[PDB]
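Chain residues, written in single-letter form:
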Amino acid sequence: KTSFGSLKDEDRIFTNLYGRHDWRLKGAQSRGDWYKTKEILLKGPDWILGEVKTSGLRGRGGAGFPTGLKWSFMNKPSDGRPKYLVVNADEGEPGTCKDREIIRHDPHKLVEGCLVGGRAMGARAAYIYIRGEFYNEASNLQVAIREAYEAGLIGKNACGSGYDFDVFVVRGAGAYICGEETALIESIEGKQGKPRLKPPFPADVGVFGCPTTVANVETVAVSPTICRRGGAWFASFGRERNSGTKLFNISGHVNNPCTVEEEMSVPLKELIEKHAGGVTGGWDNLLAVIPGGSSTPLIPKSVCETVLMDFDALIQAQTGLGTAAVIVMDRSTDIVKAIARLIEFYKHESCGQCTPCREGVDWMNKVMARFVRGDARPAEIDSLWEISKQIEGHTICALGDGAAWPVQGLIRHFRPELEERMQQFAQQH
Amino acid sequence: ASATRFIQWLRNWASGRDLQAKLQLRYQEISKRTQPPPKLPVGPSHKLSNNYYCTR
Ligand SMILES: Cc1cc2nc3c(=O)[nH]c(=O)nc-3n(C[C@H](O)[C@H](O)[C@H](O)COP(=O)(O)O)c2cc1C
Ligand code: SF4
């Protein structure tokens, strides 16, 4: 294969993405959910982990780590502590709204994924951490969980397999940092959402100090279908090491902003015009695209022409797939103001635990505010670049990196705009 | 500066020099005792980047 991105409906996983069919148990079963769940559970964790591995699935939460290998850290003899699966539904990355649709329109896929993924890990229960703003979405998930409990699909003797499994829903209280896996765990434990240093890794010491795996909603929700249809089916989509289908969010300056499922490695231009109805004002009006949520560096129009949407392709473009949330900016956008607002976002979300982000991100925010008005000198651009490199790789968690990268992207591709603004301000003062 | 012309000749002849051209007493050739403010330059470590102390 050389071309990707004409996914057929029969190959789509989230078939109620738009909520046009009954999201409840009766509709979910009619669409293939919960089918032969007992057989999957009886195959054993090694078979389930084997399927997840051969599918080439990678983390859909933004970091893209191989799921099969990650989940295998939990396949070990019990040492007396309970084992837990924590499903990350915090969905805080600006531009990203995919996990919201799964939770409210395909909740039973997430619940079944919790049971199947939990079985492979040997977990006794799944804690679903959903952000507190998603109140109606959380209630839908709770309604679905009650339906599954009453049909015996979860709880004692889940699906008749003799495996006891509970699914808990825990709501956040308004913190983007609580999407970070260790901050999420600390939040579940009743503390501030401040990340943990590693080691220990969560698979050894996690929620309540117990072996734990944190998985994104989308990563979990697809696992039952990978088991039913097989890893080879999943691995037949997208490039090698970039397998499967993916939920994309196309927001910003597009004619029809939308969420859609498409194959991995589809061209970015193909995605924006086939599904979102093209760029506002046409493709020639495109200025820049943030390809994977606010934490991934922007790329200009030239790069957008032929870049594919997968982990490897976007890395070579000096960015990343991230959450696959595409934010589109046309030529009428104040690009400096757009990025400054993201830095302001990271300033408001930093937990404040560690020095480079507590002080550095707030510092970068102040510099960006002056850059928007042009009230600076060109020498400060290289200073700002150097400051961002002192944050990246020196913080406890990746929020520090996620604040540096947007700044680096702007300087990389839009330095003359920054310098032009400075000239205007100096000319007028 | 105010010596009579005769006295200038006498001390010039006695010394054998043109003393009047290099008087040891200072008059108005010296700098004013009030000067404009300076604006002093800064050293080569006054930079906003590429200036890590471990390299200097
Ligand atoms: C500031 C920050 C916010 C994050 N928010 C989310 C999130 O909302 N949802 C998510 O799945 N992962 C989020 N992550 C990534 C998680 O830390 C973690 O990598 C992921 O949940 C692992 O699950 P996965 O392997 O299925 O992707 C965030 C990371 C950081 C640093
Ligand atoms: S990088 Fe920022 S959000 Fe992450 S632990 Fe440090 S201060 Fe907290």
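Method information in the entry identifies cryo-EM as the source of the structure, with 2.4 Å recorded as the resolution.

**Q** When you look at the overall build of chain A in this model, what are you seeing that I'm missing?
**A** Within chain A one finds 17 helices and nine strands. On C-alpha atoms alone, chain A measures out to a radius of gyration of 22 Å, which is about the 22 Å that the 2.2 N^0.38 rule sets for 429 residues. In terms of overall dimensions, chain A has a C-alpha envelope of 75 × 45 × 35 Å along the principal axes. Counting over 429 residues, chain A shows a buried share of 58%. In chain A, the share of contacts with a sequence separation of at least 24, taken over all contacts with a separation of at least 6, comes to 72%. Total accessible area computed for chain A in this model is approximately 17400 Å², and 50% of it derives from carbon and sulfur atoms. Separation of charge centres in chain A, based on 52 positive and 53 negative side chains, amounts to 3 Å.

**Q** For this particular structure, what's the right way to read the interface of chain A and chain B?
**A** Think of interface size as the accessible area that goes away when the parts come together; that is how it is often given. Between chain A and chain B, the contact holds seven residues from the first and four residues from the second. Both sides of the chain A and chain B interface together cover about 440 Å² of buried area, and 50% of this is carbon and sulfur. Together, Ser383, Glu386 and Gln390 of chain A form the three largest contributors to the area buried by chain A at its contact with chain B, with a combined 68%. Across the contact surface, chain A and chain B share zero salt bridges. Where chain A meets chain B, there are three residue pairs in polar contact. Grouping the constituent residues of the side of chain A that touches chain B by class yields one nonpolar, two polar and four charged.

**Q** Explain helix α3 (residues 45-54) of chain A to me, please; I cannot follow it from the model alone.
**A** In an α-helix, one full turn covers 3.6 residues, which means residues spaced three or four apart are oriented alike. All names here are of chain A. The complete set of buried residues in α3 reads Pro45, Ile48, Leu49, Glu51 and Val52. The buried residues of α3 occupy an angular sector of 155° when the element is viewed end-on, so they sit on one face. Each element contacted by the buried residues of α3 is listed here: α2 (37-43), α4 (67-72), α6 (107-121), α9 (217-229) and α10 (231-235). Immediately downstream of α3, the backbone of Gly56 shows phi near 65°, a positive value.

**Q** I'm lost on the packing of aromatic side chains in this one. Help?
**A** For any pair of aromatic rings, geometry is given as the distance between the ring centres together with the angle between the planes. Per the counting criterion, the structure on display carries eleven aromatic pairs over all chains. When the centroid spacing of 5.6 Å and the interplanar angle of 80° are considered together, the rings of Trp233 of chain A and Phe237 of chain A count as edge-to-face. Here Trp233 of chain A and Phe237 of chain A have matching classes, each one buried. With a centroid separation of 6.1 Å and 10° between ring planes, the pair formed by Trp9 of chain B and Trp13 of chain B is classed as stacked. Pair noted here: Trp9 of chain B and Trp13 of chain B are both in helix α1 (residues 5-15), with a separation of four residues, about one helical turn. On the basis of relative accessibility, which here comes to 60%, the residue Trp13 of chain B falls in the exposed class. Joined through ring pairs, the aromatic side chains of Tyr84, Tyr127, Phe168 and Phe208 of chain A make up one cluster. Across the ring face of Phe311 of chain A, the terminal group of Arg58 of chain A is positioned such that the distance to the ring centre comes to 4.1 Å. Taking NZ or CZ as reference, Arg131 of chain A lies 5.3 Å from the ring centre of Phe134 of chain A, over its face.

**Q** Quick question: what am I supposed to make of the site of ligand 1 here?
**A** Residue and element names in this part refer to chain A. Surveying the vicinity of ligand 1 reveals 19 residues, the closest of which are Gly61, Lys70, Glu91, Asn216 and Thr219. Taking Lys70, its side chain carries an N or O atom lying 2.9 Å from an oxygen atom of ligand 1. Residue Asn88 places a side-chain N or O atom 3.4 Å away from an oxygen atom belonging to ligand 1. Contact with the protein chains covers 88% of the free accessible surface of ligand 1, which is 610 Å². The leading source of residues in the shell around ligand 1 is strand β4 (residues 212-216), at three residues. Grouping the amino acids of the shell around ligand 1 by side-chain chemistry returns six nonpolar, seven polar and six charged.

**Q** I'm lost on the nonpolar core in this one. Help?
**A** In summary, soluble globular proteins display a tendency toward joint burial of nonpolar side chains. All names here are of chain A. Ranked by size, the top nonpolar core spans 54 residues in total, and within it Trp34 and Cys114 carry the most contacts. Broken down by element, the residue count for this core peaks at seven residues, all from α6. Apart from residues no more than four positions distant in its own chain, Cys114 is found in contact with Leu85, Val87, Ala126, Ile128, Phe165, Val167 and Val220. Of all hydrophobic cores here, the second largest spans 38 residues; its members include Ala288, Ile327, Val336 and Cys397.

What counts, and at which threshold
Residues numbered from 1 in each chain as written, not as in the entry; some residues may be left out. Chains lettered and ligands numbered in written order. Part of a larger assembly, values for the part shown. Heavy atoms only, no water. Helix = DSSP H or I, 4+ residues; strand = E, 2+ residues; numbered from the N terminus. Rg over C-alpha atoms; globule rule 2.2 N^0.38 Å. Buried < 20%, exposed > 50% of the residue type's maximum accessible area, 1.4 Å probe, protein only. Contact = heavy atoms within 4.5 Å. Areas by Shrake-Rupley, 256 points an atom, 1.4 Å probe, with all protein chains shown as cover. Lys, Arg positive; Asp, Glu negative; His and termini not counted. Charge placed at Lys NZ, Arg CZ, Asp CG, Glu CD. Buried area = accessible area lost by both parts, 1.4 Å probe. Salt bridge = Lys/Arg side-chain N within 4 Å of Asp/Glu carboxyl O. Polar contact = N/O pair within 3.5 Å; in protein donor to acceptor, adjacent residues only side chain to side chain. Nonpolar A, V, L, I, M, F, W, Y, C, P; charged D, E, K, R; others polar. Arc of directions from axis to C-beta. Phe/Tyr/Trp six-rings, centres within 6.5 Å; stacked < 30°, edge-to-face > 60°. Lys NZ or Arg CZ within 6 Å of the ring centre and 35° of its normal. Near = heavy atom within 4 Å. Core = buried A, V, L, I, M, F, W, Y, C linked by side-chain atoms within 4.5 Å.

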